[PDB]
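Here we start with a single chain on its own, the form deposited without the partner chain, put down as structure tokens.
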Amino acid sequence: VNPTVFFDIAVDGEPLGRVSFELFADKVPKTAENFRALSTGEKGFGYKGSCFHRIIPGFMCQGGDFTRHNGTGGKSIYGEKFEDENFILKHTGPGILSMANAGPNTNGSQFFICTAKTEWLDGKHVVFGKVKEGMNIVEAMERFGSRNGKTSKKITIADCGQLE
């Protein structure tokens, strides 16, 4: 019953591969629905064509800024920012999908895929999904990151949508 969304990743325009996510609509419905709708683009805006602007190997891949492409923009389907829904789910290892924010109740559209256990984020960032297929593609994305987060090539969501 939980939706599945996919990202087809590209590296400097070359296809890399496909990652799919399960979204925990059963536990964080508002958060999950924001990510789902931005992945289908059904509201007229969303993730298609946007980049992963910050990749720190051994920590996380961050993306979702589809308005300024650098970590300063983005927006939710509900408006500029919406509340922390709940902190039921924790950052328990690689493949966790969690919201980026700039303080309490400042979720927009930026998210990150964890590539490590990041338990110090528990209770501060809403966990809402997990990689289902293509963790190996996330691992490949990590090789284009750097210690300060700048990537050596442009990582883009070439296509994205809902699989079920």
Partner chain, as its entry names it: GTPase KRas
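Residue numbers count along the first chain shown, from 1.
Beyond the structure shown, there is the form deposited with the partner chain bound, which is absent from this document and is the topic of what follows.
Contact annotation: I137 falls outside 4.5 Å of the partner chain in the deposited bound form, judged by heavy atom distances. Using a 4.5 angstroms threshold between heavy atoms, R54 counts as touching the partner chain in the deposited bound form. Contact check for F59: a non-hydrogen atom falls within 4.5 Å of the partner chain in the deposited bound form. With contact defined as any non-hydrogen atom lying within 4.5 angstroms of the partner chain in the deposited bound form, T72 is the only contacting residue in 62 to 76.
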